[PDB]
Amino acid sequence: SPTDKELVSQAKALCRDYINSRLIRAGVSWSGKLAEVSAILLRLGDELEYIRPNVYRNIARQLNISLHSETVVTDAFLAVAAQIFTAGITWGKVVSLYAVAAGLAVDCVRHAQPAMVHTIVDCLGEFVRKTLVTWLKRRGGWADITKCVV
């Protein structure tokens, strides 16, 4: 029965881990239950990019991002996050939120804006806190994502 504070802290730690996996895999990272969740998240995110490459691969081009400035990335992330959930919350939609955040973060890092990753993580953290946290607690928390596969 996690608290809202813990759920948000885990949301940001899961974001950092997912992003770190993607940066390392993209080749631009030149620097228990939780690990289970991270592996599921990466798996479901990858499946999303596999099935819908035109939407989740090349996030920056999809959103028409030219400058990787802090206001552009933050407004791009928030505007997509708002549209993702307008019709309800599901685990698949949460996965899509992380996939958008990581696609943006990879593009920032490739364009000499690695400082932006901290901002993306904070934006996802605050969006979860204000939009999703009560739904997560009804599911039993992040561990419920293990029910998204077998």
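Throughout, we count residues from 1 along the sequence that is shown.
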Legend entry - Missing from the model but present in the deposited sequence, between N64 and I65: none
Legend entry - Of 92-100 and 56-64, the one with larger mean CA B-factor: 56-64
Inset, instruction - Tell me which of 78-86 and 32-40 has the higher mean C-alpha B-factor in the deposited entry. - result: 32-40
Inset, instruction - Report the third (lowest, middle or highest) to which the CA temperature factor of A115 belongs, ranking only the modelled residues of the same chain. - result: highest
Legend entry - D122 - Cα temperature factor, lowest/middle/highest third of chain: middle
Legend entry - Lowest, middle or highest third - CA B-factor, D107: middle
